[PDB]
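Residue numbers (the deposited numbering): 1 to 124.
C-beta: ideal position from N, C-alpha, C; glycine also.
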Amino acid sequence: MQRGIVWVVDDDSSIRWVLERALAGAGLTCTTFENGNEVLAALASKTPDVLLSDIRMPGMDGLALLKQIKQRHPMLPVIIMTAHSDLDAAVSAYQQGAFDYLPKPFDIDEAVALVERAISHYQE
């Protein structure tokens with residue numbers, strides 16, 4: 001309902017700036033690493049309110065990371081974020097139980113509200 005965890009794994013300072021500039025400014029918990037690999041160590045420990053997996057970056061990938069949140073506990077809200085590459089998953093994801101497609105670059109202005117959009121579904 002108010003504030004929450006925000007994990008964004010991507011390889012780009014351009015998307016990391018606007019992102020951290022939105023959360024840190026909105027009081028939302030800002031979190032970043034680089035590739036799904038890093039997020040893994042954090043995933044096994046806890047689960048964010050919403051993450052934007054990336055399937056098109058020099059870091060690692062989005063399948064290896066999504067395979068955890070999907071297997072470990074797919075009940076959590078997840079959003080697919082990437083470019084034309086691997087965009088085919090944008091469809092299958094929906095049938096699998098995806099939330100939406102927030103490709104980058106994007107406007108954090110809309111993301112800030114989209115972050116809670118899913119969290120609400122699991123209102124405590």
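Cβ-Cβ distance between residue i and residue j below 8 Å
{"i": "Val8", "j": "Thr31", "result": "yes"}
{"i": "residue 144", "j": "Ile15", "result": "Lying before the first or after the last residue shown, residue 144 is absent from the chain, which here runs from 1 to 124."}
{"i": "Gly36", "j": "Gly4", "result": "no"}
{"i": "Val18", "j": "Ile108", "result": "yes"}
{"i": "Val112", "j": "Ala22", "result": "yes"}
{"i": "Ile79", "j": "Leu43", "result": "no"}
{"i": "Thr82", "j": "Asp54", "result": "yes"}
Residue i burial status per 10 Å Cβ neighbour count (16 or more: buried)
{"i": "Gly25", "result": "exposed"}
{"i": "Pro58", "result": "exposed"}
Backbone secondary structure at residue i - three-state DSSP
{"i": "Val8", "result": "strand"}
N- and C-terminal bounds of the alpha helix (DSSP H) containing residue i
{"i": "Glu20", "result": "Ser13 to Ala26"}
{"i": "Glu124", "result": "Element bounds for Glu124: n/a, residue is neither H nor E."}
{"i": "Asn37", "result": "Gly36 to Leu43"}
Which ranges does the alpha helix (DSSP H) cover as unbroken runs of at least 4 residues, wholly within the segment 48 to 122, from first to last along the chain? 63 to 71, 89 to 96 and 108 to 119
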